[PDB]
Every structure is written in structure tokens, then in C-alpha cells.
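Given next, in C-alpha cells, is a single chain: the form deposited in one PDB entry.
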């Protein structure tokens, strides 16, 4: 029976902290594969103009291509409308009927899981892993999550470098598509 990580996030942009965290969780929980799932998002979020879903999807593919055990799923961006994790996990249970699912996202996101739709079903579909920076549900501290997507966007908007914060290839993709500037 396979152990499948599900790395859910808006990924605007994906950055090296996300990749460190997925790598650590896969090793710690002996996961066979980690499926990255970019969230579906409208044009605006928390006072924020979220990059179009295709761009966030492509950046996540670029960032994960070199890892033999990472893949990327369009399940949330192609569902249409708002993402509810119960729908994410239902879709992946259908696609991988014989795998145990481990849902991985930021601990600050999972703090509100009892307010997520259908929280009762969530805990029947997967185990949950919250990754956090230092300072039912398992918590994993990841120093590299000091890197945040918000800081990456701020720097890119200010024409300041995001090399090494963000994977090679993603940096150039951000710049040539002018995602944040």
C-alpha cells in the first residue's frame, strides 16, 4: 500500500522552503511520492492579486521536475471555483484508490481546519501534517520555511533578487512573465 504525500498550497510562488519541507516530510514519513496540488484561486485573495492558475501550476512543475518522487496535479485548478480540501482529497482518493494519503500544508493554514468545510470527512480521508517554521495532525518544524511566498513577491515587485530563495527556472519564469512587477 503506497504512502502518498499531498502538498497543497497556493504556491505564488513556489519556493525552496516548500521543496525543503516536502522533502523532509517524505523522508520522515517514508512517503513513496509527493503530489503537489496548486490551489484554485480567483483573481483576488487576501487583498492580493493571485497569479493565474496556469502560471502557479507551471512554476510548481518547473520547481519539482528534477525530483523523481515529486509530481504535480491539476485537480484543484481544473475543478472550477473555490478549493475545499475535502474535494482535493476525494479527487485524489479516486485517482489513487489503494494509497494512504498524507495531506501536507503550512501549520498556520491547518490551525483553522475545524472551520474548513466537511472537517469530519477530512480526517477519514487522510492524515494531516502541518509544516512550520521554528519559533490526527502531526507538526514538522522546517527551518527553511523562514522563506515565504509573500517575501518573494515583495522582493520581485521591488526589482530585488529572488535567486536562491526560489528554484532556478522559476526565478526566470517569474521575471519574463512579470508576475509581481
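Heads up, when I say rigid core I mean the largest set of C-alphas that superpose within 1.5 Å between the two forms. Residue numbers count along the first chain shown, from 1.
Colleague: For residue 45, record whether it is unmodelled in at least a third of the other compared entries of this protein.
Modeller: That residue is missing from at least a third of the other compared entries.
Colleague: Counting only residues from the deposited sequence, how many are left out of the model between residue 42 and residue 43 (none, 1 to 3, 4 to 9, 10 or more)?
Modeller: None; the chain is continuous from residue 42 to residue 43.
Colleague: Going by the average Cα B-factor in the PDB entry, point out whether 19-27 or 154-162 comes out higher.
Modeller: The stretch with the larger average C-alpha B-factor is 154-162.
Colleague: Out of 116-124 and 56-64, which one has CA B-factors that are higher on average in the deposited record?
Modeller: On average, C-alpha B-factors are higher across 116-124.
Colleague: Lowest, middle or highest third: where is residue 3 by C-alpha B factor in its chain?
Modeller: For residue 3, the deposited C-alpha B-factor lands in the highest third.
Colleague: Among the modelled residues of its chain, does the C-alpha B-factor of residue 94 lie in the lowest, middle or highest third?
Modeller: It falls in the top third of the chain.
Colleague: Looking at the C-alpha B-factor of residue 38, is it in the lowest, middle or highest third of its chain?
Modeller: Lowest third of the chain for residue 38's C-alpha B-factor.
Colleague: Quick check on the deposited entry: does the C-alpha B-factor of residue 139 sit in the lowest, middle or highest third of its chain?
Modeller: Residue 139: CA B-factor falls in the highest third of its chain.
Colleague: Sorting the chain's CA B-factors, does residue 46 end up in the lowest, middle or highest third?
Modeller: Highest third - that is where residue 46 ends up once the chain's C-alpha B-factors are sorted.
Separately, the form deposited in another entry exists; it is not shown, and the next lines address it.
Colleague: Relative to the superposed core, which single residue of 31, 142, 62, 125 shows a CA shift of 2 Å or more between the shown form and the other one?
Modeller: Meeting the 2 Å or more criterion is only 142.
Colleague: What direction does the residue 114-residue 20 Cα distance move in the other form compared with the shown chain, closer or farther, given a change of 3 Å or more?
Modeller: Between the C-alphas of residue 20 and residue 114, the gap narrows in the other form (3 Å or more compared with this form).
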